[PDB]
Structure formats: C-alpha cells, structure tokens
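Protein sequence lines correspond, in order, to chains B and A.
Sequence positions in the first sequence follow PDB author numbering and run 207 to 476.
Sequence positions in the second sequence follow PDB author numbering and run 207 to 476.
Okay, structure first, notes after.
There are 2 protein chains.
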Amino acid sequence: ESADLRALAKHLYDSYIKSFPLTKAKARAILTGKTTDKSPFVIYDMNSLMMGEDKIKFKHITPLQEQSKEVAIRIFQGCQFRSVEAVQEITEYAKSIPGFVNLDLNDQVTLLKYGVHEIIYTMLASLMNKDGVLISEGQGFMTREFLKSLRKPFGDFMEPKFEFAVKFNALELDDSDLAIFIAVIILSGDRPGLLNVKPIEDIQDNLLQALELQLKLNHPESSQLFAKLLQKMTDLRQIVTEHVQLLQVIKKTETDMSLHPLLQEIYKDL
Amino acid sequence: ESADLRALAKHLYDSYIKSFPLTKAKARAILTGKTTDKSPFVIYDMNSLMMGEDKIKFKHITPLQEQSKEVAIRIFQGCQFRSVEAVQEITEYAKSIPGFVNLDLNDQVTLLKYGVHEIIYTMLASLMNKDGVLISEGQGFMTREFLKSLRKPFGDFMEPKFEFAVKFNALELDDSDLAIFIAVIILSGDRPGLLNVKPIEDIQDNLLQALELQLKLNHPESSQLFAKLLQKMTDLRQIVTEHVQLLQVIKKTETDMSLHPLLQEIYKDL
Ligand SMILES: O=C(O)[C@H](Cc1ccccc1)Oc1ccc(-c2ccccc2)cc1
Numbered sequence: 207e208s209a210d211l212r213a214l215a216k217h218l219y220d221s222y223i224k225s226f227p228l229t230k231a232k233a234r235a236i237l238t239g240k241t242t243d244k245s246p247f248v249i250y251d252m253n254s255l256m257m258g259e260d261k262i263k264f265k266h267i268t269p270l271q272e273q274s275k276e277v278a279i280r281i282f283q284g285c286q287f288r289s290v291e292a293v294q295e296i297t298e299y300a301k302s303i304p305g306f307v308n309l310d311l312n313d314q315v316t317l318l319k320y321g322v323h324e325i326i327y328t329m330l331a332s333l334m335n336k337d338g339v340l341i342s343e344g345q346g347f348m349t350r351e352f353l354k355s356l357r358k359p360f361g362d363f364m365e366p367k368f369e370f371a372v373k374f375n376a377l378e379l380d381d382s383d384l385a386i387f388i389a390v391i392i393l394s395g396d397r398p399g400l401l402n403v404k405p406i407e408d409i410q411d412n413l414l415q416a417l418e419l420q421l422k423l424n425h426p427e428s429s430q431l432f433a434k435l436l437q438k439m440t441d442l443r444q445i446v447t448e449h450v451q452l453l454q455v456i457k458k459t460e461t462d463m464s465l466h467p468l469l470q471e472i473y474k475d476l
Numbered sequence: 207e208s209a210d211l212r213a214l215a216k217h218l219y220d221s222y223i224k225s226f227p228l229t230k231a232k233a234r235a236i237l238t239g240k241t242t243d244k245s246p247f248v249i250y251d252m253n254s255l256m257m258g259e260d261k262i263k264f265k266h267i268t269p270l271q272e273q274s275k276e277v278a279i280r281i282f283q284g285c286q287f288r289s290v291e292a293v294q295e296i297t298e299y300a301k302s303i304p305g306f307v308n309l310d311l312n313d314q315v316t317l318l319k320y321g322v323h324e325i326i327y328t329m330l331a332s333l334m335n336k337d338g339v340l341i342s343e344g345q346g347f348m349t350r351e352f353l354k355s356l357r358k359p360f361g362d363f364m365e366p367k368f369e370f371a372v373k374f375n376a377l378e379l380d381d382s383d384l385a386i387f388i389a390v391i392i393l394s395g396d397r398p399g400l401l402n403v404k405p406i407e408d409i410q411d412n413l414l415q416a417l418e419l420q421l422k423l424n425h426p427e428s429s430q431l432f433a434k435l436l437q438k439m440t441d442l443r444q445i446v447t448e449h450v451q452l453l454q455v456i457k458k459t460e461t462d463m464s465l466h467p468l469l470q471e472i473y474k475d476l
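Laid out in structure tokens, this is it:
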C-alpha cells in the first residue's frame, strides 16, 4: 500500500532532519546558491587555513605552522574527529528506521560498522560542489584547489570524492530522498558477519519500495532515477575500498609515539 | 508505452540467443544431473584432468604437468581462450543493442572495454553451481574444490566468482532476463573517458525501463528484484578489480607468459 510507504518516507525524513544538523538544503543555500545572510570563511591557501583557524569554531587545534606539526596531517586528523561525530549521528538515525532496533544486537553493530563510510561519503556530497566542500557546521569552505596542493600522500585523499560528488549531485536529490537512501544502505544484507539476514533484507525491501515511490512522486520527470541512484552504490563501494587503501598507506607515515595512546584509542579506524 | 519496451526485450532476447552458444537454459539442463541426454565428464583432480583430455577436445597436455606447463597454467591458458571468445561474442551482442553502433566510435570502445569483464562473470554464473563450473561447452565440469587447490596464486582465481555465482543465481534469472541486464551493463555512462554521456544514458535509461517491466512481468512474486539485480553490479565491479590485481601477480612471477593482446588492451590497472 502506497499509503504506508508515503508514511515511512515522512517518518525517516523527520528523523533525518532531527538527526543531522547540516542538511543538504541548508548546505545548498550556503553553497553555490546565493542566499547570502552569513557567508562562510573560505580557505584557499596555507594562509587562509592559518589566518582563519584562530577565528573559526574548531575544537582540536589552532594555527601553528612552522616546525610545529604539519598542515597535511592536521587536516586529516581533523576529518577523523568530525567523522566520529557523524558516526554518532548515523547510529541515532539508524535507530529510527522501523525494525532496526528489533534486530539482533550483534547485527546492528555489524550494519553500522560496515555502512558508516558509505553514509558519510554520500552526505559529504551534499556539502561539496565542483570547487570545494563546506566545513565546520557550514561555517567555512575549503576549496578543492587547496586540498589538491596537499602533501604527497594527502593529495589524492579528497580528489576522488569530489569526482563522485559531482556525479551524485547531478541527480539533484533532496533530504527527503537521501533519508530513505541512507536507510537502504544501512539495511543491506550483504555485510559480512550477519547472523540473521532475513529481517534485514525484509526491511531493506520495504525501504527500497518507499525510496522508489518517493523518487517517482518527487521527481516525476526524472526517469529511471531510482535505477541511477542504486547504481551509484557501486561508486560508493569503490570510494570506500579506495579509502581504506590510502589509509593503510598513511599508516606508514606517523606511528610510534607515546602521546597517541588514549587519543588514537578514540579514533580506531572508522 | 509498455509495448515498445516488450518489443525491445524480445529484440534483445533474440540477439542474445544469436550471440551466445551456451545459454543458461542449456547450462542448467546440463547441470541438473536429471537431464541425462548428454552428461559432462567431472574434473576434480589430476587423474581426472588427465583423462579429461580423452573425452573432451582438450588440446592441452595430458601427461606430465610441472616440467611442461603445469596443470594450473594449462587450465588458465584455456580460460584466456574463453574470455577472448566471450569478448568477441559480447562485442557481437552489443552491436544489436539499439543506438549502440550510432554512438561515438571511441565511446563504443570504452563501453566495451569496461563492460566485457563484468558481463563475462555475469554469464559465467550460468555455468556454475555451489560445486563447480561447466567447461568446454558443457562437455566438462571442473570442481570448485579442484580449482581451489591449484598453485598458491592460481588457487584463488575462481573462488570469488563462485561466491558471486551462488548468490547471483539465487535470483533465479533466466536468459531473457540476463539479455536486458547484460545490455544495461554496457550502456553505463559512468565509464571512464566517455566523450559523450547523454546519448549513452538515453539508451540505458531505455534498457532499464525494459528490464523493469521484464522483471515485474516474468517474476511477479519477486519483490524489488529489479533493485536487487542492480546492486549486484557492485559485486561485479569488485570482482573485476581483485581479478586484475591477481593478474598483475602472475605477470611478475611468470615472465615466460603471456596475457593475450586483446585482454591486455582491455586491461588497465587503477
Ligand atoms: O582476466 C580475464 O580476461 C579472464 C576472465 C575470465 C575468468 C574466468 C572465466 C572466464 C573468463 O580470466 C583470466 C585469468 C587468468 C588468465 C591467465 C592466462 C595465462 C596465464 C595466467 C593467467 C587469463 C584470463
């Protein structure tokens, strides 16, 4: 019954909004979109970063570039802190999806563990455009040009995403679309370790139906959109694979240090 | 109109039969040991592989292996024969896809370059069951167990495809289904290098409509099969990749060998 799907879509959309601070609507208005009433603090150079990290609401480190920690490492470490926040926001949204909390606790952990990266890159695209990504609750903007002028290892760290984001955003999806999509991702069924796949695919199936209806009604002239969105899941997978790679590579730069114990402890890998 | 779509499905199914000698239909008939009009010779060890050259058209070596192109090599030399055989075939099927031959000559080469291996592992699935795969046009059956006990590297060339096959075959798709799915794979548009994307996406958007109707009609009691099928394309991409990196391994540990030109031309790391 379409009566239930429309209902399921509104529920999830509602949770998505109350779960994620920066929405794509809120992000798009700030971005390319005009809507100028509080412009962001651009970061196009080493000086932009420095001459700004001391005036931007950031809770980790301040501008100190001169034989005192490097810029390429400070930015990466910075994205890990934030991704720990996102993981928490995603976990909360996961518990709003009908059926998720009723699943075996182990599988819930497995679904989150293996779906968090795909969700993050999907939402990252809401903050990015061909020229950069919004930063800090949408208070800054780190240009795409800067990010590529980063150290030898971090130079390819964000370029692939930018390429994915541009294609993904061409779909012109809104938060009500992304909400259902993000749920489909969480409720996969192919994640390794699942103890009871039936309920998971049962829910994904119901989420997939909602998503389909949501796209037909919300984008009536955008043919086969549903199909395009699902085939984007192939792109995210590579994005996640390719990500664990550069990670292992980075895991061969900074390592043995006695001050990282309880700090590294908080930032395992995901 | 859903009538042109049905006509497209029929058209495609028709060219599919005309380009592929061993359909899933014939393959399943041979695999269901019940149908004994012509059963296969089961390869599951050296003696079997050895005797396999008597009841099959195995032009390879029957006697000693190691000091004369070991068993492993022999098996993959043939494998290589099949891919090129499949490429030429898939290449023939592609020309039947409406509009494909009208695309930019270069894009045609790109659609095939990235499409053909995803298609080969899709169709290869029709020849597998949890236990093994039919070889030499169904005349033979090589055990999954035997294939996995080969030399350190060659040993794990097929396992990831058997795992794909087991879950992909659970979808119970038939030749008329795969025909349209196989066409959706080629007419991607997200393939690297494509000079002209719009025209390509107009064809695929057409192929996806067809496939959607085909699945609803041919598998009415199968919810979200369409979606399930499209997500399977993510598995395909991954399989292609692990494969190439394996090929790169042999390329270094076997300098006396050779990866066929056509396959070499198609393959590019990264
Ligand atoms: O990569 C390819 O194009 C094919 C794809 C394929 C794999 C399994 C069944 C049918 C096709 O798989 C090959 C794997 C190994 C080899 C090979 C050839 C000579 C020596 C060592 C490996 C050739 C093809």
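Beta carbons: idealized from backbone N, C-alpha and C, even for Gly.
Quick check on DSSP: helix, strand or coil for residue i?
i: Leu218/B; result: helix
i: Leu317/A; result: helix
i: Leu340/A; result: strand
i: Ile472/B; result: coil
i: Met334/A; result: strand
i: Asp383/B; result: helix
i: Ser394/A; result: coil
i: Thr328/B; result: helix
i: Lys230/A; result: helix
i: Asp210/B; result: helix
i: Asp411/A; result: helix
i: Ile262/B; result: coil
i: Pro304/A; result: coil
i: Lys458/B; result: coil
Which residues in the same chain have their Cβ closer than 6 Å to the Cβ of residue i, if we skip the five residues on either side of it in sequence?
i: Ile303/A; result: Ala389
i: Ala209/B; result: none
i: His323/B; result: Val446
If you check the beta carbons only, do residue i and residue j fall under 9 Å apart?
i: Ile236/B; j: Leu317/B; result: no
i: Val450/A; j: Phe347/A; result: no
i: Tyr250/A; j: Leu384/A; result: no
i: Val277/A; j: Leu255/A; result: yes
i: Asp381/B; j: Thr238/B; result: no
i: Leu469/A; j: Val339/A; result: no
i: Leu356/A; j: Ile456/A; result: no
i: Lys263/B; j: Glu343/B; result: yes
i: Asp441/A; j: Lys354/A; result: no
i: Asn335/B; j: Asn375/B; result: yes
i: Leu431/B; j: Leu377/B; result: yes
Determine the extent of the alpha helix (DSSP H) in which residue i is found, giving its start and end residues.
i: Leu400/A; result: No alpha helix (DSSP H) contains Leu400/A, which DSSP labels as neither H nor E.
i: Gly239/B; result: Premise fails: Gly239/B is in no alpha helix (DSSP H) and is neither H nor E.
i: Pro366/A; result: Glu365 to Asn375
i: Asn253/A; result: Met252 to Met257
i: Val293/B; result: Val277 to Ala300
i: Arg357/B; result: Careful: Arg357/B lies outside any alpha helix (DSSP H) and carries neither H nor E.
i: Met463/B; result: Premise fails: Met463/B is in no alpha helix (DSSP H) and is neither H nor E.
i: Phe432/B; result: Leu431 to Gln437
Strictly under 9 Å for the Cβ-Cβ distance: is residue i near chain A by that measure?
i: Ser208/B; result: no
i: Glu418/B; result: yes
i: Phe432/B; result: yes
i: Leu476/B; result: no
i: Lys373/B; result: yes
i: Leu414/B; result: yes
i: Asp313/B; result: no
i: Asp441/B; result: yes
i: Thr447/B; result: yes
Would you say residue i reaches chain B, if we count a Cβ-Cβ gap shorter than 9 Å as a contact?
i: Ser429/A; result: yes
i: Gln444/A; result: yes
i: residue 493/A; result: Nothing about residue 493/A can be reported from this structure: the residues present for chain A run from 207 to 476 only.
i: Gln437/A; result: yes
i: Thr316/A; result: no
i: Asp396/A; result: yes
Just reading off the beta strand (DSSP E) that residue i is part of, what are its end residues?
i: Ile249/B; result: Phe247 to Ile249
i: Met348/A; result: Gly346 to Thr349
Near residue i, what residues of its chain come up, given a Cβ to Cβ distance below 7 Å and the 5 sequence neighbours on each side ignored?
i: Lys367/A; result: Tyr327, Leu330 and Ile445
i: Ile386/A; result: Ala215, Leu218, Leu413, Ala416, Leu417 and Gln420
i: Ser289/B; result: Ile326
i: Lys301/B; result: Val307
Take residue i and list the residues in its own chain whose beta-carbon comes closer than 8 Å to its own, dropping the five residues that flank it on each side.
i: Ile406/A; result: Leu309, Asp313, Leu317, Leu393, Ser394, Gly395 and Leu400
i: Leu453/B; result: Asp475
i: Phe363/B; result: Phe282, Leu353, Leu356 and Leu452
Quick one: does the C-beta of residue i sit closer than 8 Å to a heavy atom of ligand 3?
i: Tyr222/A; result: Ligand 3 is absent from the structure shown, which contains only ligand 1.
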